[PDB]
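Structure record follows, encoded as structure tokens.
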Amino acid sequence: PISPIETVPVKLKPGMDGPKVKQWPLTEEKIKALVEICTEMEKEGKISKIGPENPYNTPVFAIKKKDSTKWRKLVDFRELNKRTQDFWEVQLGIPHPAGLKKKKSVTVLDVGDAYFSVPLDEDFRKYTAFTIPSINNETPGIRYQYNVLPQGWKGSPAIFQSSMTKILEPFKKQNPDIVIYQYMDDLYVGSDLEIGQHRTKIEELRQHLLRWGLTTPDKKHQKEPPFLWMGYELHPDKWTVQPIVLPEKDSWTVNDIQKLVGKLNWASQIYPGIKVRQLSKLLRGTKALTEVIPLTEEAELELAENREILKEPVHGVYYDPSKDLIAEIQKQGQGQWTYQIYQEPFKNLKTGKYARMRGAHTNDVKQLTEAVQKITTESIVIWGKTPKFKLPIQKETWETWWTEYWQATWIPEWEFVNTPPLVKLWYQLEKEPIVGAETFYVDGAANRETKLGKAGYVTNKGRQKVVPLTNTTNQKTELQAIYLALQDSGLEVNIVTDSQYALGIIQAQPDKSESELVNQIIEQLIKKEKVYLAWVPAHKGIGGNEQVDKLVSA
Amino acid sequence: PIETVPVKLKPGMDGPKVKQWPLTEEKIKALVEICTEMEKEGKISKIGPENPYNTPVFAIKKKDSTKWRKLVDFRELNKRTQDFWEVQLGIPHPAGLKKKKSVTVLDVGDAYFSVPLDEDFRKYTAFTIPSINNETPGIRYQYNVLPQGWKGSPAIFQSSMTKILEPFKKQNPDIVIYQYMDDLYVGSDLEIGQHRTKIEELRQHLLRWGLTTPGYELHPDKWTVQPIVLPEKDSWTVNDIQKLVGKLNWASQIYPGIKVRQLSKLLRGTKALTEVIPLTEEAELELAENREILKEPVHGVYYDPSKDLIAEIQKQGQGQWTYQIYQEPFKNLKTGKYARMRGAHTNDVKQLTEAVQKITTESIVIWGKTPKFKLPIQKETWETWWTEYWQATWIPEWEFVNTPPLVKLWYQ
DNA sequence: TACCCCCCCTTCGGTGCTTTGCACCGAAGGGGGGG
Ligand SMILES: Cc1cn([C@H]2C[C@H](N=[N+]=[N-])[C@@H](COP(=O)(O)OP(=O)(O)OP(=O)(O)O)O2)c(=O)[nH]c1=O
Ligand SMILES: [Ca+2]
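Those protein sequences? They're chains A and B, same order as listed.
Following the entry's author numbering, the numbering of the first sequence begins with 1 at its first residue and continues without gaps.
Quick note, the second sequence lines up with residues 4 to 217, 231 to 428 if you use the entry's author numbering.
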């Protein structure tokens, strides 16, 4: 054979052998387009006829190239992949257009037959053995071993990406001012060269890629804006996503909502303020992907205003490494947040959204910190720096939160933006007991078998209560006992519990909860003017903690 | 041209496969430049995706350094070489190091580049440099010499090191020298001026053996333990005695002599929290005897070299931080408190980073080990910012805890 | 009826402390997107 470029050694998982599985009953319609290009491979040295000395077999099929009449070949290696050695992918992420610095001229060129231009490893080739079908079952069909990277293997992408870099390395060193965004075979090349010199250098690189036997087809090649790159339309000074089609179905299934949600998550990167909360509330705990489910009046409202954002076209800008990065966040309610990252006011680099609900009980400050960290990670990926933050929280609101919180927390350089709704702490536990406020010693208990329990309290002024509780747990009664003391107390109240569980939940100042009992405690705490929570150990003969421990066990 | 010591992983164990986390621009620049010159000097050489192993890499500046320093996160590799640097080629610990009035840390990590590495082990040192916005896929490398920050590196070089030291260990007999990875700890009872001179002598004594030193000054005798303390009040409220009894109740798991009966008696009624309670004779006495037991040492606490060290840290607010180092629960080998660290009253993460570094340094001097940390922080908060404030050439093991202060045990 | 990468949103099951309840998290299958 012949030898284009430096190969990569491959192995199997030690003490294991190759792929012996029988072919799929493929329809003769695909077989026509199949054996056509298949026989053309052997001429170029891409595939080879093998003797039965090769005892391996792997299935094969083909799917049409999207937006093309051409067909693309795929070999099912699922069983070969299970027994093939592990790699470490060199694809660490995806480039974003909002990271592109502005370039005077830009060229985008695909590599024709990308995997097939890279030589496989000599000794490993035997394991690619597969057989080609026929119109009848009489003729057997030739068995072949790949001499290059097959579409469908688990090592094909990683080896291609790494080989491509070694090829582009000498050129990149000769042309330091050329920006080559290398993603698989898709190449974005840009420069500040004048368009005449730029295309000249493009040809040197097409020659340099050709010197290693890498094709640069003209049809894939694009010389004029707006470039189609990574599903975007790149214009000289602006960019946008390629248009987004929302399904028009009258009756929705589960696979319909999924397609809708994903399309919206994709749109949320530039179209500001996309919300997925109420559409995703429909997919919780559903069995069938095919099941039909109705649209709530909430999710119907959400899809309408999400279509109105998509109605008017939007666009992003490019990165100016000289000017600062700015990220401003707004609160959308129900644990939903959106953000815009920009440099010049009102010209966005990109947008996004953080709606993750982390934990059973949370508040708006916790969720804002989680969103700031999501943006910081996202921003260090794309621009390698942390943006300056414009946050809808008062400076003294934050200063109070992080100083008092028992866990370490922080936010980078930021300034207050007065855009409502503002983030606030809806209540504040006193650091010291309240003089003149009634003091409530609460307690609760449940029977592990009966699921029946009591929750009540005693006070210094003689007040009392006990409540029977049905199908409850020791935790719920300890929370319930506090709910009572909040209901039956004045605007200022001291509450003494022996529950570690409840005091932990309340001291973190939540404004939202999955538990409905907690929301009612939250609701009461906002109403109060001064609340003081305290803790004593149980069964120590302490205070009224012993007296109410007696009432609720009876 | 030196003989390569063979290294094998722990029995039945695979090399480190750890993803590379995003890096800032200034750190990627510093790394590419550090990695370029290290390649033309043959210390490293590029590799390919056939290598299934990877280790994260980033850059730091030491305290006041101003010059970038490369740092690799070998915690996953070190956990899988554990047989090597403990059982086989390990170092004895000089228990007298903690007793010296001054100790200086020097970065000798540049000498590990002298010795080559076992060829079969270079497959586990793979690390990847990321690219801003994924302009380029990951550029991979691996180490041809002893890597800076691997725990097998100081053990292999130990033979070469003790020879380089021997003339100066003889020229100055009573000066203590300990080596923990990329750092060399040297301590004397000499005065500050005499001490810093013998360091420069040790620097030149290292120069003629082919090593530079891009010094940290400790004072192990100075460090002070933190004890559990009871408040002083001329009048006690119900909440005061309730808080007090809860604290003593918690402290009874360490000092068993703690008694609560006469103070619990004072609470017997159902009273308002702010109401004043005069102390009885036996309560005043039970309080007195309790204050004395907390002066004592914990009975039966001692260090076990076979066991791992644990380090808990609690944020006390207004710049204060507390910490306790233990092996078994409630058997505390040391307790302490830090205050007015860098970043106080403005940045929590920086202080917490500064605290981990100080605590780890103390454990290295005292026991020659790095403890596993229980950190009061959320995982996402810490994993984001911690590299920005890290100034040390080692990286301890840590986990994250959420333990609200039901009782303020370690600080009033 | 293939492979590799990134993202969100949901379930589920393992883990440890708040304890045999509840809360957290990470793996995984749904989708979108790139080649
Ligand atoms: C779209 C697609 C691409 N790939 C890989 C394999 C392909 N390499 N090859 N041969 C690369 C690039 O595919 P592609 O760039 O889309 O087209 P290609 O096969 O390289 O031939 P061309 O039309 O003349 O340009 O991505 C895949 O494995 N499965 C897919 O569905
Ligand atoms: Ca192609």
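Cβ atoms here follow ideal geometry from the backbone N, Cα and C, with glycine treated the same way.
- Under the three-state reduction of DSSP, A:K173 is assigned to helix.
- Rounded to the nearest whole angstrom, the CA to CA distance from A:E79 to A:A129 is 13 Å.
- For B:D110, the beta-bridge partners assigned by DSSP are B:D186.
- At a beta-carbon threshold of 9 Å, the residues of chain B lying near A:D86 are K20 and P55, ordered along the chain.
- A:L234 and A:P97 do touch by the CB rule: their CB atoms are close to 6 Å apart, below 8 Å.
- In this structure A:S553 is exposed. Its beta-carbon is surrounded by fewer than 16 other beta-carbon atoms within 10 angstroms.
- Taken in chain order, the complete beta strand (DSSP E) segments of 3 residues or longer contained in the stretch 390–420 of chain A are 414–416.
- Here A:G352 is buried. Its C-beta has 16 or more other C-beta atoms within 10 Å.
- Judged by their CB atoms, B:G231 and B:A114 are not nearer to each other than the 8 Å cut-off.
- The three-state secondary structure of A:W24, taken from DSSP, is coil.
- Among the residues of the stretch 397–422 of chain B, those with a Cβ less than 7 Å away from any Cβ of chain A are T397, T400, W401, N418, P420, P421 and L422, in the order of the chain.
- Boundaries of the alpha helix (DSSP H) harbouring A:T200: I195 to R211, taken from the DSSP string.
- In this structure, A:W229 keeps its C-beta atom at 8 Å or more from the C-beta atom of A:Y319.
- The beta-carbon of B:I135 is placed less than 8 Å from the nearest beta-carbon of chain A.
- Less than 8 Å separates the beta-carbon of A:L491 from that of A:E529.
- For B:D364, the enclosing alpha helix (DSSP H) has its first and last residue at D364 to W383.
- The beta carbons of B:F160 and B:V118 sit closer together than 8 Å.
- Across the set B:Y144, B:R356 and B:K32, the C-alpha of B:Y144 shows the shortest separation from the C-alpha of B:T128.
- Of the other Cβ atoms in all chains shown, fewer than 16 fall within 10 Å of the Cβ of B:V241; this residue is therefore exposed.
- Taking 8 Å as the cut-off, the Cβ atoms of A:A408 and B:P392 count as close.
- Among the CB atoms of chain A, one or more fall inside 8 Å of the CB of B:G51.
- When 7 Å is used as the limit between beta carbons, B:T286 is near these residues of chain A: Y441, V458, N460, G543, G544 and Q547, in chain order.
- Residues close to ligand 1 by the beta carbon criterion (under 6 Å to any non-hydrogen atom) are, from first to last along the chain, A:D110, A:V111, A:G112, A:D113, A:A114, A:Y115, A:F116, A:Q151, A:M184, A:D185, A:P217 and A:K220.
- Between A:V35 and A:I132, the alpha-carbon positions lie close to 7 Å from each other.
- For a cut-off of 8 Å, the C-beta gap from B:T369 to B:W402 is around 6 Å, short enough to register as a contact.
- Residue burial annotation: A:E302 is buried, with at least 16 other C-beta atoms found within 10 angstroms of its C-beta.
- Secondary structure note for A:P468: its beta strand (DSSP E) is the uninterrupted segment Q464 to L469.
- Within chain A, the residues whose beta carbon sits less than 8 Å from that of B:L368 are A408, listed in sequence order.
- In the structure shown, B:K11 falls within a coil segment according to DSSP collapsed to helix, strand and coil.
- Judged by their CB atoms, A:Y144 and A:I50 are nearer to each other than the 8 Å cut-off.
- Sorting A:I94, A:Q23 and A:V423 by C-alpha distance to the C-alpha of A:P140 places A:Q23 at the top.
- For B:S280, the nearest beta carbon of chain A is closer than 8 Å to its own beta carbon.
- Annotation: the continuous beta strand (DSSP E) that includes A:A445 extends over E438 to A446.
- Pairing A:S191 with A:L109, the inter-Cα distance amounts to about 15 Å.
- The alpha carbon of A:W266 has as its nearest neighbour, out of A:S251, A:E194, A:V241 and A:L283, the alpha carbon of A:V241.
- For A:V381, the C-beta contacts it makes with chain B under 9 Å involve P25, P133, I135, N136 and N137, in order along the chain.
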